[PDB]
Amino acid sequence: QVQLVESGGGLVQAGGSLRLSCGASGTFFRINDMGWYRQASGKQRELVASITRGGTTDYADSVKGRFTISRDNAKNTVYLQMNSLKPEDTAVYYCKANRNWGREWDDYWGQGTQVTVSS
Amino acid sequence: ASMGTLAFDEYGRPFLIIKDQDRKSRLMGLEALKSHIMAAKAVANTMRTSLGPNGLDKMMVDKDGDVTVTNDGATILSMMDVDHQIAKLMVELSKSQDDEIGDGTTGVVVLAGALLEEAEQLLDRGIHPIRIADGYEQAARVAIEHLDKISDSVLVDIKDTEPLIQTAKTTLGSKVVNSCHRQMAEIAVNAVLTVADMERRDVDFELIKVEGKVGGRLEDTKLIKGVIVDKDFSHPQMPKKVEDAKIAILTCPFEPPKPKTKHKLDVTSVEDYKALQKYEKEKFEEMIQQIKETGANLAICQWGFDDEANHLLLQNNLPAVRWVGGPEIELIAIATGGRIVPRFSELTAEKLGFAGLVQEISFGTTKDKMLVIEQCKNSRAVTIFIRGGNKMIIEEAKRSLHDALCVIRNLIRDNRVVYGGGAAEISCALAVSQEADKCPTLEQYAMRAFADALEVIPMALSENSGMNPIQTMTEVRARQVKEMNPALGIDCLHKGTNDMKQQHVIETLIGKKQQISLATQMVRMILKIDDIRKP
Amino acid sequence: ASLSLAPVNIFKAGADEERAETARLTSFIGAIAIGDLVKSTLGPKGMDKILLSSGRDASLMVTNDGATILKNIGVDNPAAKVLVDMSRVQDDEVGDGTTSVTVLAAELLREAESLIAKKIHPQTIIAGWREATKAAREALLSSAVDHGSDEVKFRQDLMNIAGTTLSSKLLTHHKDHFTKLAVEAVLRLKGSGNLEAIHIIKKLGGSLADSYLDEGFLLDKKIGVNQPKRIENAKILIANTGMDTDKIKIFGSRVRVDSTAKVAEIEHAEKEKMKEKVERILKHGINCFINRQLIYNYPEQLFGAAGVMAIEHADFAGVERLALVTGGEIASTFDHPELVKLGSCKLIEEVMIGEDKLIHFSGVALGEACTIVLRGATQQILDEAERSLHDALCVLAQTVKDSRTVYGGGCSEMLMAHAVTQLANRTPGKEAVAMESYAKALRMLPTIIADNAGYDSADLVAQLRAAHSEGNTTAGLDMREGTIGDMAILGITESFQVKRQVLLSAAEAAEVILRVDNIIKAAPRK
Ligand SMILES: Nc1ncnc2c1ncn2[C@@H]1O[C@H](COP(=O)(O)OP(=O)(O)O)[C@@H](O)[C@H]1O
Ligand SMILES: Nc1ncnc2c1ncn2[C@@H]1O[C@H](COP(=O)(O)OP(=O)(O)O)[C@@H](O)[C@H]1O
Ligand SMILES: [Mg+2]
Ligand SMILES: [Mg+2]
C-alpha cells in the first residue's frame, strides 16, 4: 500500500558526515510521523530520532545534538544529516512512517540501508 | 406543453389516439426535468432542518388524527402525504436507506435534493441530463473510494464498548432521547452484543423486543436480559414472584384433548356418561400431575385454559401464564433455555427453561400488569423496556433506539468508521474537486456540481446550529486542506474544537457509502426521466 | 423554497404543511388554549366545568379533574393532543397532578413563545430547560421528607395528604369526613396497592355526608330463592365453577340412542352429576357459596335444601374482593377440600341502601378490600365524588408505597423556581434566559393557585419568592385567610412522587412540543 524508498550509504570516518533520505508514495492521506531506526547484526533496533508534522523532533539518548533530520511535507519525505560518524554507527538504517490516524497497523517500514565500509 | 396530443385532424375528422386523451396530461423535455427538480428541492428543503444535533422535529398527523413527532427522515416521508411522483421517489429513497442501514434517512434526501438542485444549473447551461448523471456517477465512485481511504476502524468486541457507545451516542445525538444520551447508547450496544452471531455475521432484530409503556420517566428505560410480556398469572391468588423458576413452555391448551378431524363421541348409556365424566376429571388431573412431575415451578401456555386447570395449578403451587403469543413463547424459550412442548406427555425436566426471576409488575393506578422473565443464564434474547410521560416520546424513543441498534449492527457487519460532523462530506468534496481538476473539461462541471452538492450537509448542520454556513464551511475546508485532517467539521454543539475525532462524533463507513450511492443512483434515474403522462 | 409555497404543490388534495413560524404559532396557541382551559380548576378554590357532550346520549359531567376534562373534549390541535396524552399518563401513573402538569406545560410553552420572539433558537431554550429541570429535581429531592418509620407521624402525613388532595374537589365541603374514609380505605389494604380492591358504590339520594366506609363488605348481588337470608359465623366457599347446565368439555360428545328411555336415563345422569358436584361443595362444611358464574335452578334448589346461602353471578372483581376481605380461595375443583381455604365472616345479612338490597358481610377476617358507599343528590355529584375519592385513594396508595413527602401550597414550585434562579444567574448566555423563563412558569403555578381564590396573586407570590430567597423553605399559601404560612404546621403536604412526576412530565412534553418546526397534516379521512 505504502511504497517506501531510501537513499543512503557512504560511511566516512574523515571527520564523519552522512545524509540519508526516505520518500513515501502510494495510498494514504497523512504521514503523522517519520522516524529513523538502526538495526545491527546481533542488536535490537533503536530510534535515532523522529520528527512530527509540526517539525517537532525528539532525539535519542546515546546520540544527540548532532542531528539534522528535516521533513519536506510538500513531498512527504525526510532527510537525516548525521555527523561525527563512528564504527558503532555502522548498521542498517530503517525508515518508519505512521499514517492515517496513527494506529498500530499504520507503521510502515523501509527495506533498510546498510552503510558500506572500505577495506 | 400539456393535454397530450391536440390537432384533431388536418381533414376535420375525429382524432382519438389515447383513451381519455382530453382528461390526461403530459410534460415533455426540459420543463419536466425542472418540475422534477423543484419537487425534489422542496422535499429536501423540508427535511434539511431535521439534520444534526440542533435539528428540529416534525409533527405528522395521519388520516385518523394521530400525532407523530419525529426527526427520522424515513418516518417523516412515510407519514408525508405526497402526490408528486418525484416526491414518492424520495420517500422510496429514504425508505431504502432505512432498510439497508437504519440511519442516514435524512442525509440521503438532503443530498439527492442538492444534487438535483445543482443539475438544475447545469441543464440551464445546456448540458445533456445524461452527461450530468454520468459525471455524478464518476464523482460518486471517487467519493466512495475516498471514504474507503479516510476511513477508520473500531473494535467490535464485548470488552471495549467505548467505541460502540460513542457511535451509538453520535446516532442518538439528534434525537429527543439524548436527555438520557449515554443511558440509551449503552443499552443499544449491549442489546446488539447480547443478540448477535458475532463472527461478523447477522444480527436478528426479532431477538430484540422493544416494548413501551406510558408512565415513569425516560430514565426508567432499561435493558432486560430476558423477556417482558403483557400478561399476568392466570389465577388472582397465585404468587406474583417466582425465584429460581423452572419453566414449562407449552402450546397445548390445558383442556381435554380434541381431534382436528370431525369427530363425534357417542354416549349411549349412563355408563358411557359416567366414563366420559371421569375421563374429563382424569385428563385435568393427569395434565397437572405431568406438569408437577417434570419438576416445573411455573407454566406458560400459548392457548389459555379453563377453570379446573386454573384451580388445579393454584392448588399444586404452579403459577401459570396463559394466552401468550407465539413470538413471545419463542422469545421466552430462547431466553430461558427451554424447549417448546406441544403436549404434556412430551414434557420432561430437560425441556424446561430456567429464569432466575419471574415477576409481575404494576404501573401505578392502572390495573395493568406485566410479566418480567430475567436472570437467565445466557439469554440469547433481550428486551428494551421504554418508559415516558407520553406516547409521542415513547414512539420517538422506540425509533431512535432502532436507529442506534441498526448502527451497532452495521458496525458488527463492517467495523470501519468514518468521522461525521460533515467532515467526511467536506473531505469527499475536496477529493472530487481534485479529480475534477484532472478530467477533461466537459465532465468537470458535473464533478464540480457533485462536490458543491456534497458540501450541503456541513452547510445544513451549521445553519441548523446557528452558525454562518459559508464562513464555517470555508474555514473548515481550508483547515482540512492545510492540516491534512478529514476529521474537521462543524462544531454543532460548540465544544470549541472543530475536530470530530476528538468530540467522538462517529459515523459508519457503510452508512456514508450507502448515502452517496443511493442519492447518486436515484438522481440518475430522475435526470433520466423526461416525460410524464399523468391522468 | 418551501414545501407548500412552491410553484408546484406536492401533496394530495386535503393535506397541508405548516412551516416554522406557522407551526410554532399553531402549537403555542393550542397548548396555551388547553392550559387556560384546564386552569381555574386549580387549587382549593377551583371551580368545576360542565362536559355537555353532543353525542346521542348527551352525557353530562361536572368535573374539577383536569384529566377528565382533557379526555372529554374534541381536540384538533396536535400540540393540544400531546398535552392531553400527558395528562392521561399523569392520571395513569399517579392520581393527582393532572391539572398541574397541564398548566405547567402551557406556561412553559407561553414563556417559550416569548423567548422565540426574543430571537432565541428553540434548541438553546430546551438546553436551559433541561438544566433547570435537573436543578429543580435536586431541590425537590433535597427538600423532601420521609416519615414512614414513625407510625403516628405517618398517619398524620396520610391524613394531611388526603386533605390536600380533596381540598380542590367537591368533597372539600366534608373534607375531614372523606379524609378519614380515604385514609381508612387505604389502611385496610395492609400495604397492597390493589385499587381494584377498593370498591365504590354510588347510591343516589341522601347527602354526601351520609357516605361511609363499610366496616365489612357489600355486594350488589342476589341470594337464591329458597335459601337463607341471614348467616352467623359464616364459612364461605368462593368459586368459579359452572353450576349452570355444566357440560363435559368434550365437544364432540353427543347423546345418540334408540329409545327416549335412554335419553331420560342420560338426563337423570346429568342431574346426578350436578347433584354430586353440589355434594362435593357441601363436603367443605359451608354456609355461604359465592360463584363467579351463574347458578341454575337445580343447584339453587340443592343449596336451599342444604341450608346454604348461594350468591350467584358475582364477577371476577366480586370474587377477587371477597377472597381479599374474607380469606377464602377462589376454587373450581372440590375433590380435595382439605386444600381449599374457606372465608370467614361473623355475619352475612341483607341491608337496605336507598331503595336497593345488598349482601352485607360483617366481621370479615382479613379486610384487605373495601367498600365505600357514596350518597349524593345528583348522579353528577356522585360521579364527581367517585372521581375525587379515586384521586385521594390513588395518592394515598402511592404514598404508602413511597412515604416521601414535599410541602405544597406553592412551596415546592417556589423552591424549584428558586433553585432554577440560582442556577440561572450563575450561567452565561441565552440559556440563562431560558432558565429564567422556566422559573417564571414554576412561579406562575402558585400565581394561578392564588388567582383562582381571588387574592393578590402578585403580592402573595412576591412574599413567597422573598421567603424562599431568604431560606424559609417551608413558606406556602394559607388559603383560609389568604396569607403566607408554614405548610409543615398547616398540614399542606403532597406526595413527592406526584410533584416530581408533575415537574418531569410537564418539562418533557414542553420539550417535545418545542422541538417542532413543521406540522405536515395528511388529508383527513372524515
Ligand atoms: N454531535 C454531532 N456533531 C456534529 N455533527 C453531528 C453530530 N451528530 C450528528 N451529526 C451529523 O448530522 C448528520 C445527520 O444525523 P442524524 O440527523 O442524526 O441522522 P440522519 O443521518 O439519518 O439524518 C450526520 O451526517 C452527522 O454527520
Ligand atoms: N390549604 C391549602 N393551602 C395552599 N395550597 C393548597 C391547599 N390545599 C391545596 N392546595 C394546593 O392546591 C392544589 C390542588 O391541585 P389539584 O387541583 O389537585 O391539581 P391537579 O388536578 O393537577 O392534581 C395543590 O397543588 C396544592 O398545592
Ligand atoms: Mg441518524
Ligand atoms: Mg387533586
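Residues numbered from 1 in each chain as written, not as in the entry; some residues may be left out. Chains lettered and ligands numbered in written order. Part of a larger assembly, values for the part shown. Heavy atoms only, no water.

For this entry, the PDB record names cryo-EM as the structure determination method and reports a resolution of 3.1 Å.

Chain B carries the name T-complex protein 1 subunit epsilon in the PDB entry, which gives Homo sapiens as its organism. Looking at chain B in UniProt, the text filed under Sequence similarities is "Belongs to the TCP-1 chaperonin family." (UniProt positions renumbered as here; feature names shortened; annotations may be inferred.)

Going by the PDB entry, chain A carries the name Nanobody Nb18 and comes from Lama glama.

Engineer: Honestly, the overall build of chain B in this entry has me stumped. Any pointers?
Structural biologist: When helices and strands are counted, chain B shows 17 helices and 17 strands. Taken over C-alpha atoms, the radius of gyration comes to 30 Å for chain B, far larger than the 24 Å a tight globule of 535 residues would show. Each principal axis of the C-alpha distribution contributes one length, and for chain B these read about 100 × 75 × 40 Å. Looking at chain B as a whole, 57% of its 535 residues are labelled buried. In chain B, of all internal contacts separated by at least 6 residues, the share reaching a separation of at least 24 is 74%. Accessible surface, chain B: about 22,100 Å² in total, of which carbon and sulfur atoms supply 50%. Distance between charge centroids for chain B: 1 Å, based on 68 positive and 79 negative side chains. (Helix = DSSP H or I, 4+ residues; strand = E, 2+ residues; numbered from the N terminus. Rg over C-alpha atoms; globule rule 2.2 N^0.38 Å. Buried < 20%, exposed > 50% of the residue type's maximum accessible area, 1.4 Å probe, protein only. Contact = heavy atoms within 4.5 Å. Areas by Shrake-Rupley, 256 points an atom, 1.4 Å probe, with all protein chains shown as cover. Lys, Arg positive; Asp, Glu negative; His and termini not counted. Charge placed at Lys NZ, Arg CZ, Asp CG, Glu CD.)

Engineer: Which parts of the structure should I look at to understand the site of ligand 2?
Structural biologist: Residues and elements named next belong to chain C. Inspection of the region around ligand 2 gives 18 residues, with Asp 96, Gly 97, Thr 99, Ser 100 and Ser 168 positioned closest. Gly 97 places a polar main-chain atom, nitrogen or oxygen, 2.5 Å from an oxygen atom of ligand 2. Interatomic distance of 3.1 Å between a side-chain N/O atom of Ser 167 and a nitrogen atom of ligand 2. Across the complex, the protein chains shield 95% of the 580 Å² of accessible surface that ligand 2 would expose by itself. In terms of residue count, the dominant contributor to the shell around ligand 2 is helix α4 (residues 98-117) (three residues). A per-class count over the shell around ligand 2 returns five nonpolar, 11 polar and two charged. (Near = heavy atom within 4 Å. Polar contact = N/O pair within 3.5 Å; in protein donor to acceptor, adjacent residues only side chain to side chain. Nonpolar A, V, L, I, M, F, W, Y, C, P; charged D, E, K, R; others polar.)

Engineer: Sorry, what's going on with the site of ligand 1 here?
Structural biologist: All names here are of chain B. By nearness alone, 25 residues border ligand 1, and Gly 104, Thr 106, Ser 174, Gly 421 and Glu 507 come closest of all. At a separation of 2.8 Å, an oxygen atom of ligand 1 approaches a polar backbone atom of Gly 104. Interatomic distance of 2.8 Å between a side-chain N/O atom of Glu 507 and an oxygen atom of ligand 1. Taking 550 Å² as the accessible area of ligand 1 by itself, protein coverage stands at 95%. No other element matches helix α4 (residues 105-124), which puts three residues into the shell around ligand 1. For the shell around ligand 1, the residue count by class is eight nonpolar, 14 polar and three charged.

Engineer: For this particular structure, what's the right way to read the environment of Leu374(C)?
Structural biologist: Residue and element names in this part refer to chain C. Inspection of the secondary structure assignment puts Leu 374 in strand β14 (residues 370-376). Relative accessible area serves as the criterion here: at 0%, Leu 374 is assigned to the buried category. With 294 residues separating them along the chain, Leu 374 and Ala 80 place their C-alpha atoms 34 Å apart. Those residues in contact with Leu 374 that lie beyond four places of it in its chain are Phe 178, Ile 200, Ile 201, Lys 202, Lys 203, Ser 211, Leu 382, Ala 385, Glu 386 and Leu 389.

Engineer: What is the right way to look at the UniProt feature "binding site: ADP" in chain B in this model?
Structural biologist: Residues and elements named next belong to chain B. With numbering matched to this structure, UniProt assigns "binding site: ADP" to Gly 52, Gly 104, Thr 105, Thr 106, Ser 174, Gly 421, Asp 491, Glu 507 and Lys 512. With respect to the helices and strands, the residue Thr 105 is situated in helix α4. On the accessibility criterion, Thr 105 (5% relative accessible area) is buried. When residues no more than four places from it in sequence are discounted, the contact partners of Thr 105 are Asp 72, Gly 73, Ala 74, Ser 94, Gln 97 and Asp 98. Owing to a relative accessible area of 3%, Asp 491 belongs among the buried residues under this scheme. Apart from residues no more than four positions distant in its own chain, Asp 491 is found in contact with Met 467, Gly 496, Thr 497, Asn 498, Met 500 and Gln 503.

Engineer: Is there a simple way to explain a nonpolar patch on the surface in this structure?
Structural biologist: On the surface, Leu6(B), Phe8(B), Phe15(B), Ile17(B) and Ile18(B) cluster together into a nonpolar patch covering about 480 Å² of accessible area. On the secondary structure map, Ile18(B) appears in the segment before β1 (27-28). (Patch = residues over 30% accessible without salt bridge, like charges linked within 9 Å, V, L, I, M, F, W, Y side chains within 5 Å. Salt bridge = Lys/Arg side-chain N within 4 Å of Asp/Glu carboxyl O.)

Engineer: Where do I start with helix α16 (residues 496-514) of chain C in this structure?
Structural biologist: Residue pairs spaced three or four apart in an α-helix point in one direction, given the helix's 3.6 residues per turn. With 19 residues, α16(C) should cover 27 Å at 1.5 Å per step; its first-to-last C-alpha distance of 27 Å lies within 8% of that length. Counting buried residues in α16(C) gives 19 out of 19 residues, a clear majority hidden from the surface. (Expected span 1.5 Å × (residues − 1).)

Engineer: What should I look at first to understand the UniProt feature "binding site: ATP" in chain B in this one?
Structural biologist: All names here are of chain B. Per the UniProt record, "binding site: ATP" is annotated on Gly 52, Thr 105, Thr 106 and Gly 421. Residue class for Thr 106 comes out buried when judged on its relative accessible area of 6%. Those residues in contact with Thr 106 that lie beyond four places of it in its chain are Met 47, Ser 50, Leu 51, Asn 71, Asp 72 and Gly 73. At a separation of 3.2 Å, a polar atom in the side chain of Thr 106 contacts the main-chain amide nitrogen of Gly 73. Relative to the helices and strands, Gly 421 resides in the loop between β15 (416-419) and α12 (423-436). Exposure remark for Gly 421: the relative accessible area of 13% places this residue in the buried category. The residues contacting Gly 421, other than those within four sequence positions of it, are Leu 461, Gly 489, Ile 490, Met 500 and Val 505.

Engineer: Can you help me understand the interface of chain B and chain C in this one?
Structural biologist: Quite often, the size of an interface is put as the accessible area lost when its parts meet. Facing 80 residues of chain B, the contacting portion of chain C comprises 85 residues. Where chain B abuts chain C, roughly 7,100 Å² becomes buried across the two surfaces, and 57% of that area is made up of carbon and sulfur atoms. Inspection of the region where chain B meets chain C yields eight salt bridges. Measuring nitrogen to oxygen at the nearest pair gives 3.0 Å for the salt bridge that ties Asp517(C) to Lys58(B). Taken together, the links from chain B to chain C amount to 37 residue pairs in polar contact. Elements with a contribution of two residues or more to the side of chain B that touches chain C: α1 (30-47), β2 (57-61), β3 (67-70), β9 (265-267), α8 (270-293), α9 (307-315), β14 (382-388) and α11 (391-413) of chain B. Considering each element in turn, the side of chain B that touches chain C owes the most residues, eight residues, to α8(B). (Buried area = accessible area lost by both parts, 1.4 Å probe.)

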